[PDB]
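Written below as C-alpha cells is the structure these notes are about.
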Amino acid sequence: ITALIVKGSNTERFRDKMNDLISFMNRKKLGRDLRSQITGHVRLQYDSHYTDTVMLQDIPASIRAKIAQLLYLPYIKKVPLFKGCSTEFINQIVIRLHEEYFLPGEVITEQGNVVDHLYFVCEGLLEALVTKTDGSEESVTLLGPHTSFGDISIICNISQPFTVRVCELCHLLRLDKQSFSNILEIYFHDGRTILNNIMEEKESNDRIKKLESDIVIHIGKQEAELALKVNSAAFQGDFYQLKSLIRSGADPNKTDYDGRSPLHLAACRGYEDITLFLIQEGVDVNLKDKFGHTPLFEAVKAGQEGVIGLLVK
Amino acid sequence: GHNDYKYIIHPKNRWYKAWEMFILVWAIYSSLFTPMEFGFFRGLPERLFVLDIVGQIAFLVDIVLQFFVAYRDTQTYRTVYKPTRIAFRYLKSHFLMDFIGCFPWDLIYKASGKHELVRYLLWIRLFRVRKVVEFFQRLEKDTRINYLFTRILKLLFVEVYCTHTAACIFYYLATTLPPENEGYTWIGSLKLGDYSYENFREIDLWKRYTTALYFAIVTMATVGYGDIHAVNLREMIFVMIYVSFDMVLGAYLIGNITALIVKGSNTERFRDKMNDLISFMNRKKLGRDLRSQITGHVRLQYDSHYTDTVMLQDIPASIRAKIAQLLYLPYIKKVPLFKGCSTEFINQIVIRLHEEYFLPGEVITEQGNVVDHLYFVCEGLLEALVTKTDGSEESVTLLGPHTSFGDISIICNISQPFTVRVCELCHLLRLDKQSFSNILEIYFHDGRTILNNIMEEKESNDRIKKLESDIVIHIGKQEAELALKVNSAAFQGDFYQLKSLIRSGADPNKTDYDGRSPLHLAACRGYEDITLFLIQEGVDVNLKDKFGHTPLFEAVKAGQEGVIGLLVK
Amino acid sequence: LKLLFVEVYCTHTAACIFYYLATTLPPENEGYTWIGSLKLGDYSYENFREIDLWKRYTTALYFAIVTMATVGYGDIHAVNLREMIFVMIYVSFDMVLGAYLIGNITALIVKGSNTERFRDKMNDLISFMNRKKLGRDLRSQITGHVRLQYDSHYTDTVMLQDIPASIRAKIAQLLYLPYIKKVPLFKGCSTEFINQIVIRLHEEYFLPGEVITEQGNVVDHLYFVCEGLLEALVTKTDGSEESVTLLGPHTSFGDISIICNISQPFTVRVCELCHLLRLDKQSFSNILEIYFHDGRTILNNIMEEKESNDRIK
Amino acid sequence: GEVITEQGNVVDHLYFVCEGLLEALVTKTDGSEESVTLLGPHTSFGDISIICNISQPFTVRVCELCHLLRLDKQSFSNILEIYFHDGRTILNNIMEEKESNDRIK
C-alpha cells in the first residue's frame with residue numbers, strides 16, 4: 001500500500017508543479033493577472049496530458065512525426081490555408097506543430113503585435129478583436145473550429161490584424177514563424193499555393209493585399225542569389241562553406257548576375273586547389289562572363305601557372 | 001449567462017460560499033448523528049424532534065439552492081449559467097439521493113406502525129457526507145496544505161466516521177435481539193468493573209454511546225483489550241467485517257503518512273547532500289574556509305530554484321514570451337551590444353534567454369574553449385581572464401551589470417579566449433549558439449548594428465580590442481555579403497528594395513568582390529531611376545573595377561543613352 | 001529519536017493521567033475505577049490509594065506501554081467513562097504517533113545507504129558479466145576493483161563534480177598537490193601549472209597486486225604513484241618478463257610516452273597498493289599546448305631526469 | 001529510424017555497424033534524403049568524416065535495430081598519429097571498397 005501511494009498521484013504531481021511555479025512567481029513578482037494565467041494553464045495541463053508530451057521525448061522523433069501525421073494532419077488539412085498545398089509541406093508543418101490549449105478569456109495574440117506563432121484552431125471558439133480609438137475591442141469575427149490565425153501578420157510581414165481571445169477552452173497547434181518561413185523558403189510550390197489561398201482572401205480583404213509579398217518572385221531569382229553567395233564563398237577560399245553551398249545543389253557551372261563562375265574567381269585569387277576542386281565538378285571549361293571572358297583569360301591575367309596548367313589540361 | 005439571468009449565482013460566489021461552509025457544518029452533524037439516531041434510538045424521543053425538523057429544513061434549502069448555482073463546465077472550462085442546464089446537472093448527479101434523505105424518516109417510522117424497515121432509510125442521509133468529501137477536494141486544490149497531508153487528514157476523518165458508524169451499528173446489533181436474550185449480546189453481558197450493563201436500553205444515551213465508541217476506537221487501533229468483545233453471531237460477523245476493513249484503512253493511513261515522509265522536504269535532500277560532503281570533508285581533512293565554501297554552494301543549490309522554467313515549458317510560448325519580456329527586457333535593453341537594434345529583434349532575444357546564477361569565485365566560460373552560449377550580465381559583477389603569461393592574474397575588466405560576454409565566441413566563431421570568474425552572485429542570461437546565429441540571419445541589419453556597437457565598445461575597452469580587431473575582419477566579411485546584396489539589388493531591378501537596404505543604412509559605394517560598385521550594374525541594366533538614385537547616394541562614378549571598367553564604361557557598353565547622359569551629367 | 005522521546009513522554013503522561021482519573025472518584029466507588037477493580041493474579045488493588053507509589057505507577061505505565069504497542073492484554077482496561085474517553089483519545093493519538101514512527105523508520109530505510117547502492121551496482125555488473133559470458137578471472141578483477149571503489153569511497157568522489165570547479169580545484173589543491181609537488185617530472189615549474197595538473201587529477205585506487213599499464217600501447221592517461229608500491233616490467237620478446245625497476249610513491253609511469261609521441265615504453269605491475277592519480281594524456285597535451293613556457297621547461301626537466309633506470313636511459 | 005548522424009554536422013564517433021542494417025541517407029534538393037548506403041552487418045561508417053577532418057557528409061537514419069561501436073574522434077586521431085602507415089592502408093582500402101557503392105564513391 002505504501003509503495004503504491006509513493007509511486008505517484010497525478011493530482012500530487014501537478015500539485016508540486018504548481019507549488020514550484022508559485023515559488024517562481026512569488027520571487028519574480030509576476031503580475032497578478034499573469035499569476036492567474038500561469039495557474040490556470042497549469043491546472044489545464046493537469047487535464048491537458050502534459051506528461052504525454054514530456055513522455056514523447058523518449059519516443060523517437062520519427063515516431064513523433066508519424067503520430068503527428070496521424071492526429072494533426074486531418075485537422076490541418078481541413079484548415080483552408082493548406083488546401084491544394086503539397087502534401088510534403090503539410091507533413092513538415094504537422095511534424096513541427098506543438099499542441100497548446102487555452103483557457104477561456106486567454107488573450108493569446110493581440111492586434112498589431114509581433115507574431116512569431118501561427119496558431120491552427122482545432123477544437124474551440126475564439127474572438128477576433130481590433131482596438132478601437134478609445135481602446136475597446138470591436139469584435140471583428142468569431143474564429144470557429146478548423147481555422148488559422150497569425151497567418152496575416154506572418155505572410156504579409158505586418159502587425160497582427162486582430163486580437164484573438166478565446167471564449168471557450170481551445171486546442172491550437174502552435175507554429176513558430178521562423179521555421180515556418182524557412183520551410184516556405186524551401187517549398188516553393190506551397191509558397192505560391194498559400195499565396196493563392198490567401199489571394200482569394202486578398203480578393204476578400206484589403207489588409208492582406210495591401211502588403212503583398214515578393215518572396216516567390218525573388219525565389220525565381222533565388223538560384224542567381226545562391227550562385228552569388230557561392231561565387232563569394234569561392235572568393236573566400238573556405239572549402240567547408242564553399243562545399244556546403246555546392247552541397248545545396250549549386251552547380252559550379254552556375255554563374256552570378258555578371259555571368260562569372262567560381263572558376264574565374266579561383267583563377268583571379270590564385271586558388272589553384274579550388275581550381276582543382278572545380279575541375280572535379282567540371283565547371284564549364286570556357287564559360288564567359290558578361291564581359292565575354294573564358295577562364296583562361298583571368299587565369300593568365302593573374303598568371304597562376306597552376307590554374308593556367310589545370311585549365312589547359 | 002452571468003448577466004442574462006439574475007437568480008443564478010457563481011459557484012464561487014461569496015454569499016454562496018458562506019452558505020457552503022454552513023451546509024458543510026450541517027452535513028458533518030447530520031452524517032455523525034444519523035448513525036446515532038439509527039442505532040441508539042428506536043424512534044427519536046420528543047425532545048430533539050425540533051432538531052430533526054430543522055435538520056431536514058436545512059438540506060431542503062440546500063436542495064433549493066443547488067438549482068440556482070452556476071458551474072464551470074468540464075469541457076468548455078467556462079462557467080455555464082444556463083438555468084435548464086443547471087437543473088439538468090443537479091437532477092442527474094446527486095439530487096435524488098439528497099431528496100430522499102430530506103424526508104422526515106423519523107415521522108414516517110413513527111406513523112407507519114414502527115415497521116423498523118423504514119428506519120434503515122435513515123442511512124440514505126449518510127450521503128450528505130458528500131459535502132465533506134467535496135470540501136476536501138477543494139482543500140486539496142489549494143496550495144496551502146500538502147496534498148499528502150490533506151490525504152492523511154481525510155483518512156483521519158474517514159476513520160472518525162467509520163468508528164462512529166461501527167459503534168452505532170454494534171449497539172444496534174445489540175438491540176436487534178429481544179430484551180430477554182440480552183445476556184447473549186456484547187453489552188447485555190458486560191460487567192466492566194462492578195457495573196453491570198444489564199438493562200442496556202435504560203442506561204443513559206451517553207454511557208451506552210461511550211461504551212460502544214470505546215470498543216470501536218480500541219478495535220480501530222487493534223489494542224483490543226478483550227473487556228468489550230462480540231458475543232453473538234451477528235456481532236461476530238460485523239466485527240469481522242469492520243476489523244478487516246479497518247485493517248485496510250489503517251494500512252492506508254500508515255501508507256499515506258509514510259509517503260508524506262518519504263517525499264520529504266527539500267530541506268532533507270539539501271541536508272543529506274550536506275551530510276555526504278561533510279563526510280568527505282572529514283575524510284579529506286579539508287580547510288575550514290574551504291568547508292564553508294562547499295556549504296556555500298550546497299546552500300545555493302538548495303535555495304536557487306531556477307528550474308521552474310522546465311515546468312514553464314508546459315505553459316504556451318506566448319505566455320512564456322510575456323514572462324520573459326517582463327523579467328529580462330529591461331536588462332537586455334541596457335546591454336551596450338544591442339544599442340541601435342530593432343525592438344522586434346530584442347524581443348526575440350528575450351524569448352530565448354535562460355537564467356543562470358553562480359557563486360563568487362566560480363568560473364563559467366574559459367579561454368581556448370569552444371563556447372556555444374552567450375551570457376548577459378544583469379546583477380552582480382564578473383571578471384574574465386585571458387591568460388597571457390601563465391595566467392599571471394591576466395584578468396579582464398570587471399564585467400558589470402547590463403553587459404554581456406561570450407558574444408565574441410559567436411560573432412567571429414572564437415574559442416572564447418577568457419575565463420570569466422564570478423565575483424558576486426549574478427543573474428546571467430543564456431542564449432544558444434544556433435539560436436543567436438539564426439536570429440542574426442533574420443536580423444542581419446541589427447547584427448551589423450551589433451558590430452558597429454562592439455567597435456566603439458572595445459576601442460575604449462582595450463581588453464576586447466584584440467577581438468575587436470578580429471571582428472573588424474568579420475566586419476569586412478559581412479560588408480562583402482552586404483555589398484554584394486546592394487549591387488545585386490541594383491542589378492535585379494529592386495529599386496524600392498534597394499532603397500530599403502540603404503534606408504537600413506547599406507553603404508551604396510560598396511563594390512562587389514571584383515570591385516564593381518552597384519552603379520556599374522545599374523548603368524549596365526539601364527535603370528534610369530536606380531542609376532540616378534545611386535549617383536545621388538554617392539557611389540563612385542569613376543572607379544573602374546579590377547578589369548578596367550568604369551561606371552561610364554558600363555553606361556556606354558550597355559548603350560543606355562539615358563544612363564550615359566545622366567553619368568556625363 | 002525525537003518521535004521515540006515523544007512516545008516515552010506520552011506514555012508516561014498517559015499513565016499519570018489514567019491513574020489520576022482513577023483518583024477522581026471517591027474511594028467509595030473505587031471498584032468502578034480501572035485500578036480499584038484490578039485483580040491481577042492474587043494481588044487485589046482494592047485500596048489502591050494506599051498501595052506503594054512504585055506499585056501503582058508501574059501498573060499505570062504497564063497499561064500505557066501495552067496500549068502504546070496496542071498489544072492490549074486486557075488485564076488492565078478502562079472501566080469508568082472518564083477512563084473510556086481518555087483511552088479513546090490516547091489510543092487515537094497513539095495510532096497517529098505509531099504511524100509517524102513507522103513512516104520515519106521506513107523513510108530512513110528507503111533513503112538507503114552506500115552499502116545498498118553498491119549492492120545494486122554489483123548486481124548489475126555481474127548480471128552484465130554473465131549476460132556477455134565473461135571469464136571468471138576477468139570477473140574477479142572487475143568485482144575486486146568495484147569493491148575497492150566502494151571501500152576507498154572514490155565512487156563517493158562522484159558527488160564533488162557537483163561542487164564548483166573552483167571549489168573542486170581548491171580541494172585538489174589541498175590534497176593532490178602535496179604529492180604532485182614531490183613528482184620530479186614537474187619540478188622547477190610554475191605553481192599555476194602543477195595547480196592545473198592537480199585540477200585535472202582523478203583518484204584511481206587499484207588492487208594491491210595488479211597490472212594497469214602495459215608496453216607498446218598508446219598512452220591515454222598518466223598515473224602518478226602517491227600511495228603503494230608498483231613496478232616496471234619489460235617483457236623480453238623471447239617470452240620472458242623482466243621487471244626493470246620499482247615504481248613506488250612519488251614516481252610516475254606513462255609520462256615518458258605522454259610527453260613524446262612514442263608508444264608505451266614499458267609495462268607496469270602493482271605490488272603493494274595503488275592510489276594512482278590519473279591525468280588524461282590529451283588533457284596533459286592541452287595544458288602543455290596553452291604554451292606558458294612551462295611545457296618548454298618540462299622538456300629540459302625530462303632531459304635532466306632521463307637517467308632514472310636503464311630503460312629510460 | 002533513428003538519426004545517427006547528420007550531413008554537415010561534425011560527428012566524433014566512427015561507428016562500426018555490427019548487428020543490423022543501417023540507412024545512411026543524403027539529403028537532396030527535393031527534400032528527400034537519398035540513402036548514401038544501407039550499412040549491413042560487419043560494415044562501417046564515420047571514418048570518412050574523421051580521417052579527413054570534416055563533418056559527416058551524410059545524414060544517417062536507421063533501417064533496422066543496429067548495434068554499433070563508438071570510437072572517439074580525438075582518440076582515433078591520437079591512435080593514427082602514432083599508427084600512420086596503418087591509416088594509409090585504411091585510405092587504400094577506402095578507395096578500393098568505395099568503388100563498390102557509387103554513393104560512397
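Chain lettering (A, B, ...) mirrors the order of the C-alpha cells, residue numbering begins at 1 for each chain separately, and ligand numbering begins at 1 in order of display.
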Spatial neighbours of region 70-82 of chain D, max dist 7 Å, only C-alpha atoms, sep filter under 6 positions, as a tab-separated table (two decimals) with C-alpha atoms, in the first residue's frame:
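This is the output file result33.tsv:
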```tsv
chain	number	residue	atom	x	y	z
C	218	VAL	CA	49.05	4.27	-26.86
C	261	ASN	CA	54.63	10.76	-29.45
D	12	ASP	CA	33.18	12.42	-33.48
D	13	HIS	CA	32.30	8.67	-33.47
D	14	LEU	CA	33.45	6.19	-36.10
D	15	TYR	CA	30.62	3.73	-35.59
D	50	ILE	CA	37.09	11.75	-39.05
```
Contacts of residue 109 (chain C) within 12 Å, only C-alpha atoms, excl. fewer than 6 positions in-chain, as a list in words: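 So, after excluding close chain neighbours, the residues are residues 258, 261 and 262 of chain B; 102, 103, 115 and 116 of chain C.
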One decimal, Å: what's the distance from CA of residue 84 (chain B) over to CA of residue 70 (chain B), could you say?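 A separation of 10.8 Å between them.
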Selection: 7 Å around region 562-564 of chain B, only C-alpha atoms, excl. self and same-chain fewer than 2 positions, as a PyMOL selection string: chain B and resi 523+526+528+531+552+555-556+560+566-568
Contact check, chain B to chain C, at most 8 Å, counting only C-alpha atoms, closest pairs as CSV:
```
residue,atom,partner,partner_atom,distance
B:192,CA,C:79,CA,5.4
B:193,CA,C:32,CA,5.1
B:194,CA,C:32,CA,5.8
B:195,CA,C:32,CA,6.8
B:207,CA,C:81,CA,7.0
B:210,CA,C:81,CA,6.9
B:211,CA,C:84,CA,7.3
B:213,CA,C:88,CA,8.0
B:214,CA,C:84,CA,5.9
B:217,CA,C:88,CA,5.8
B:218,CA,C:91,CA,6.6
B:221,CA,C:95,CA,6.1
B:222,CA,C:70,CA,6.2
B:223,CA,C:70,CA,3.8
B:224,CA,C:72,CA,5.5
B:225,CA,C:74,CA,3.6
B:226,CA,C:74,CA,5.3
B:227,CA,C:74,CA,6.2
B:253,CA,C:99,CA,7.3
B:254,CA,C:99,CA,5.0
B:255,CA,C:103,CA,7.7
B:257,CA,C:103,CA,6.1
B:258,CA,C:103,CA,3.9
B:259,CA,C:103,CA,7.5
B:261,CA,C:103,CA,6.2
B:262,CA,C:107,CA,4.9
B:277,CA,C:160,CA,7.8
B:284,CA,C:175,CA,7.3
B:286,CA,C:171,CA,7.1
B:290,CA,C:167,CA,7.4
B:293,CA,C:167,CA,7.3
B:294,CA,C:167,CA,6.8
B:297,CA,C:163,CA,6.8
B:298,CA,C:163,CA,7.8
B:361,CA,C:166,CA,6.8
B:362,CA,C:166,CA,5.5
B:363,CA,C:166,CA,6.9
B:388,CA,C:292,CA,7.8
B:389,CA,C:292,CA,6.0
B:390,CA,C:292,CA,4.7
B:391,CA,C:192,CA,7.5
```
Write out as CSV the residues of chain A that have any atom within 8 Å of an atom of chain D, one row each with the nearest atom pair and its distance in Å to one decimal, counting only C-alpha atoms, sorted by chain and then rising number.
```
residue,atom,partner,partner_atom,distance
A:60,CA,D:2,CA,6.9
A:61,CA,D:2,CA,7.8
A:62,CA,D:1,CA,6.5
A:240,CA,D:54,CA,8.0
A:244,CA,D:8,CA,7.3
A:248,CA,D:29,CA,6.7
A:249,CA,D:29,CA,6.5
```
Out of A:135, A:74, A:262, A:84, which residue has the shortest atom-to-atom distance to chain B when counting only C-alpha atoms? A:262
Give me, as an MDAnalysis selection string, the residues of chain A touching chain C, with the criterion being at most 12 Å (counting only C-alpha atoms). chainID A and resid 2:3 6
Non-local contacts of residue 377 (chain B) (8 Å; only C-alpha atoms; under 3 positions in same chain excluded) as an MDAnalysis selection string: chainID B and resid 380:382 399:405 426:429
Emit the selected residues as an mmCIF file, in the first residue's frame, including N, CA and C atoms.
```
data_model
loop_
_atom_site.group_PDB
_atom_site.id
_atom_site.type_symbol
_atom_site.label_atom_id
_atom_site.label_comp_id
_atom_site.auth_asym_id
_atom_site.auth_seq_id
_atom_site.Cartn_x
_atom_site.Cartn_y
_atom_site.Cartn_z
ATOM 1 N N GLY B 380 25.155 41.503 -9.957
ATOM 2 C CA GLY B 380 26.483 41.130 -9.519
ATOM 3 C C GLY B 380 27.569 41.740 -10.384
ATOM 4 N N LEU B 381 28.709 41.056 -10.423
ATOM 5 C CA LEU B 381 29.859 41.514 -11.188
ATOM 6 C C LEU B 381 30.708 40.298 -11.526
ATOM 7 N N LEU B 382 31.428 40.390 -12.642
ATOM 8 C CA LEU B 382 32.138 39.244 -13.188
ATOM 9 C C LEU B 382 33.532 39.688 -13.609
ATOM 10 N N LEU B 399 33.194 42.669 -15.211
ATOM 11 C CA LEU B 399 32.053 42.639 -16.122
ATOM 12 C C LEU B 399 30.806 43.065 -15.360
ATOM 13 N N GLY B 400 30.448 44.340 -15.494
ATOM 14 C CA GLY B 400 29.373 44.926 -14.733
ATOM 15 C C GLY B 400 28.001 44.481 -15.189
ATOM 16 N N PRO B 401 26.975 44.860 -14.431
ATOM 17 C CA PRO B 401 25.604 44.546 -14.836
ATOM 18 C C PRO B 401 25.242 45.260 -16.129
ATOM 19 N N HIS B 402 24.171 44.775 -16.759
ATOM 20 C CA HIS B 402 23.676 45.328 -18.018
ATOM 21 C C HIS B 402 24.713 45.200 -19.130
ATOM 22 N N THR B 403 25.485 44.113 -19.103
ATOM 23 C CA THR B 403 26.504 43.856 -20.117
ATOM 24 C C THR B 403 26.337 42.446 -20.667
ATOM 25 N N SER B 404 27.319 41.950 -21.419
ATOM 26 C CA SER B 404 27.287 40.565 -21.875
ATOM 27 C C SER B 404 28.701 40.116 -22.220
ATOM 28 N N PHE B 405 28.856 38.805 -22.401
ATOM 29 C CA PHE B 405 30.121 38.227 -22.838
ATOM 30 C C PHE B 405 29.850 36.871 -23.475
ATOM 31 N N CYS B 426 25.417 36.602 -9.751
ATOM 32 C CA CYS B 426 24.991 37.267 -10.973
ATOM 33 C C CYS B 426 23.788 36.561 -11.583
ATOM 34 N N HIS B 427 22.900 37.357 -12.173
ATOM 35 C CA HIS B 427 21.791 36.845 -12.979
ATOM 36 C C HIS B 427 22.187 36.807 -14.452
ATOM 37 N N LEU B 428 23.060 35.861 -14.776
ATOM 38 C CA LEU B 428 23.489 35.689 -16.156
ATOM 39 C C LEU B 428 22.347 35.152 -17.008
ATOM 40 N N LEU B 429 22.333 35.567 -18.269
ATOM 41 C CA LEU B 429 21.284 35.199 -19.211
ATOM 42 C C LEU B 429 21.912 34.447 -20.375
#
```
All residues 7 Å or closer to residue 308 (chain B), only C-alpha atoms, same chain fewer than 3 positions away omitted, as a PyMOL selection string: (chain A and resi 20-21+24) or (chain B and resi 305+311-312)
Set the cut-off to 12 Å and count only C-alpha atoms: what are the residues of chain C that reach chain D? Output as a ChimeraX atom specification. /C:216-221,257-258,260-264,280-283,285
Dump as an mmCIF file, in the first residue's frame, selection limited to N, CA, C and O atoms:
```cif
data_model
loop_
_atom_site.group_PDB
_atom_site.id
_atom_site.type_symbol
_atom_site.label_atom_id
_atom_site.label_comp_id
_atom_site.auth_asym_id
_atom_site.auth_seq_id
_atom_site.Cartn_x
_atom_site.Cartn_y
_atom_site.Cartn_z
ATOM 1 N N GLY C 216 53.918 -0.885 -25.296
ATOM 2 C CA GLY C 216 53.557 -0.820 -26.702
ATOM 3 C C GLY C 216 52.179 -0.264 -27.008
ATOM 4 O O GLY C 216 51.828 -0.146 -28.189
ATOM 5 N N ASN C 217 51.389 0.071 -25.993
ATOM 6 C CA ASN C 217 50.080 0.665 -26.199
ATOM 7 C C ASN C 217 50.229 2.160 -26.479
ATOM 8 O O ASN C 217 51.334 2.705 -26.527
ATOM 9 N N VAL C 218 49.098 2.830 -26.677
ATOM 10 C CA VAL C 218 49.052 4.274 -26.862
ATOM 11 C C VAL C 218 48.632 4.903 -25.543
ATOM 12 O O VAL C 218 47.586 4.554 -24.984
ATOM 13 N N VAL C 219 49.444 5.836 -25.047
ATOM 14 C CA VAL C 219 49.181 6.444 -23.752
ATOM 15 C C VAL C 219 47.957 7.342 -23.844
ATOM 16 O O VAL C 219 47.876 8.233 -24.699
ATOM 17 N N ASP C 220 46.995 7.113 -22.951
ATOM 18 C CA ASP C 220 45.855 7.998 -22.786
ATOM 19 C C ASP C 220 45.742 8.567 -21.383
ATOM 20 O O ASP C 220 44.960 9.503 -21.178
ATOM 21 N N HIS C 221 46.491 8.041 -20.415
ATOM 22 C CA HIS C 221 46.423 8.505 -19.041
ATOM 23 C C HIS C 221 47.797 8.404 -18.393
ATOM 24 O O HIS C 221 48.587 7.504 -18.697
ATOM 25 N N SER C 257 56.117 8.387 -22.366
ATOM 26 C CA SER C 257 55.461 8.295 -23.664
ATOM 27 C C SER C 257 54.510 9.462 -23.888
ATOM 28 O O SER C 257 54.315 9.901 -25.028
ATOM 29 N N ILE C 258 53.892 9.958 -22.817
ATOM 30 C CA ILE C 258 52.912 11.033 -22.941
ATOM 31 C C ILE C 258 53.572 12.314 -23.439
ATOM 32 O O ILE C 258 53.029 13.020 -24.298
ATOM 33 N N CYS C 260 56.277 12.665 -25.286
ATOM 34 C CA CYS C 260 56.634 12.484 -26.684
ATOM 35 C C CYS C 260 55.438 11.894 -27.434
ATOM 36 O O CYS C 260 54.318 11.860 -26.917
ATOM 37 N N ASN C 261 55.654 11.441 -28.673
ATOM 38 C CA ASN C 261 54.627 10.757 -29.449
ATOM 39 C C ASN C 261 54.928 9.267 -29.578
ATOM 40 O O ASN C 261 54.398 8.601 -30.477
ATOM 41 N N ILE C 262 55.775 8.734 -28.697
ATOM 42 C CA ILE C 262 56.171 7.331 -28.725
ATOM 43 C C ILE C 262 55.067 6.520 -28.061
ATOM 44 O O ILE C 262 54.232 7.074 -27.337
ATOM 45 N N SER C 263 55.047 5.209 -28.300
ATOM 46 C CA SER C 263 54.077 4.329 -27.662
ATOM 47 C C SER C 263 54.532 4.005 -26.238
ATOM 48 O O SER C 263 55.488 4.591 -25.719
ATOM 49 N N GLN C 264 53.837 3.077 -25.601
ATOM 50 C CA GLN C 264 54.084 2.761 -24.198
ATOM 51 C C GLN C 264 55.493 2.202 -24.021
ATOM 52 O O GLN C 264 55.831 1.188 -24.655
ATOM 53 N N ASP C 280 44.631 12.776 -17.769
ATOM 54 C CA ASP C 280 44.400 12.402 -19.159
ATOM 55 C C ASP C 280 45.563 12.887 -20.017
ATOM 56 O O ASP C 280 46.019 14.026 -19.884
ATOM 57 N N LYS C 281 46.072 11.993 -20.869
ATOM 58 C CA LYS C 281 47.183 12.351 -21.747
ATOM 59 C C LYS C 281 46.788 13.495 -22.669
ATOM 60 O O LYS C 281 47.579 14.409 -22.923
ATOM 61 N N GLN C 282 45.573 13.442 -23.202
ATOM 62 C CA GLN C 282 45.082 14.517 -24.054
ATOM 63 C C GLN C 282 44.923 15.810 -23.246
ATOM 64 O O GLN C 282 45.197 16.909 -23.744
ATOM 65 N N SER C 283 44.521 15.688 -21.978
ATOM 66 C CA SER C 283 44.484 16.841 -21.079
ATOM 67 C C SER C 283 45.884 17.372 -20.784
ATOM 68 O O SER C 283 46.086 18.594 -20.702
ATOM 69 N N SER C 285 48.293 17.178 -22.818
ATOM 70 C CA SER C 285 48.580 17.886 -24.059
ATOM 71 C C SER C 285 47.923 19.259 -24.078
ATOM 72 O O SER C 285 48.506 20.220 -24.581
#
```
Select, from A:267, A:118, A:194, A:73, the residue with the minimum atom-to-atom distance to residue 176 (chain A), counting only C-alpha atoms.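 Checking each candidate against residue 176 (chain A), we get A:118 as the closest.
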Residues near region 147-156 of chain B, anyone? I mean within 6 Å using only C-alpha atoms, not counting same-chain ones fewer than 6 positions away, as a ChimeraX atom specification. /A:12 /B:140,260
Spatial neighbours of region 159-167 of chain B, max dist 8 Å, only C-alpha atoms, sep filter under 6 positions, as a ChimeraX atom specification: /B:32,35-36,209,212-213,215-217,220,242,249
Selection export as a PDB file, in the first residue's frame, atoms kept: N, CA and C atoms:
```
ATOM      1  N   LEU B  32     -22.939  12.516  11.281  1.00  0.00           N
ATOM      2  CA  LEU B  32     -22.355  11.916  12.505  1.00  0.00           C
ATOM      3  C   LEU B  32     -23.484  11.724  13.517  1.00  0.00           C
ATOM      4  N   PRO B  35     -26.113   7.850  12.264  1.00  0.00           N
ATOM      5  CA  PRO B  35     -25.827   6.555  12.898  1.00  0.00           C
ATOM      6  C   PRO B  35     -26.284   6.484  14.344  1.00  0.00           C
ATOM      7  N   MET B  36     -26.146   7.576  15.100  1.00  0.00           N
ATOM      8  CA  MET B  36     -26.616   7.578  16.482  1.00  0.00           C
ATOM      9  C   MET B  36     -28.133   7.466  16.547  1.00  0.00           C
ATOM     10  N   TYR B 209     -23.304   5.116  24.385  1.00  0.00           N
ATOM     11  CA  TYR B 209     -22.525   5.575  23.243  1.00  0.00           C
ATOM     12  C   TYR B 209     -21.035   5.532  23.538  1.00  0.00           C
ATOM     13  N   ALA B 212     -19.853   1.881  23.393  1.00  0.00           N
ATOM     14  CA  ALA B 212     -19.748   1.400  22.019  1.00  0.00           C
ATOM     15  C   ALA B 212     -18.575   2.049  21.295  1.00  0.00           C
ATOM     16  N   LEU B 213     -18.385   3.354  21.490  1.00  0.00           N
ATOM     17  CA  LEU B 213     -17.282   4.054  20.848  1.00  0.00           C
ATOM     18  C   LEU B 213     -15.944   3.649  21.443  1.00  0.00           C
ATOM     19  N   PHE B 215     -15.110   0.619  22.480  1.00  0.00           N
ATOM     20  CA  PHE B 215     -14.779  -0.631  21.745  1.00  0.00           C
ATOM     21  C   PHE B 215     -14.310  -0.279  20.337  1.00  0.00           C
ATOM     22  N   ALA B 216     -15.073   0.559  19.629  1.00  0.00           N
ATOM     23  CA  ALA B 216     -14.736   0.877  18.219  1.00  0.00           C
ATOM     24  C   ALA B 216     -13.330   1.474  18.129  1.00  0.00           C
ATOM     25  N   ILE B 217     -13.004   2.423  19.010  1.00  0.00           N
ATOM     26  CA  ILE B 217     -11.679   3.111  18.935  1.00  0.00           C
ATOM     27  C   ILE B 217     -10.560   2.089  19.194  1.00  0.00           C
ATOM     28  N   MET B 220     -10.155  -0.084  16.304  1.00  0.00           N
ATOM     29  CA  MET B 220      -9.511   0.633  15.171  1.00  0.00           C
ATOM     30  C   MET B 220      -7.984   0.587  15.354  1.00  0.00           C
ATOM     31  N   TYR B 242     -15.880  -5.236  10.014  1.00  0.00           N
ATOM     32  CA  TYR B 242     -15.315  -3.964  10.441  1.00  0.00           C
ATOM     33  C   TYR B 242     -13.815  -4.076  10.664  1.00  0.00           C
ATOM     34  N   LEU B 249      -7.940   0.118   6.041  1.00  0.00           N
ATOM     35  CA  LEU B 249      -7.962   1.572   6.189  1.00  0.00           C
ATOM     36  C   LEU B 249      -6.775   2.073   7.009  1.00  0.00           C
TER      37      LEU B 249
END
```
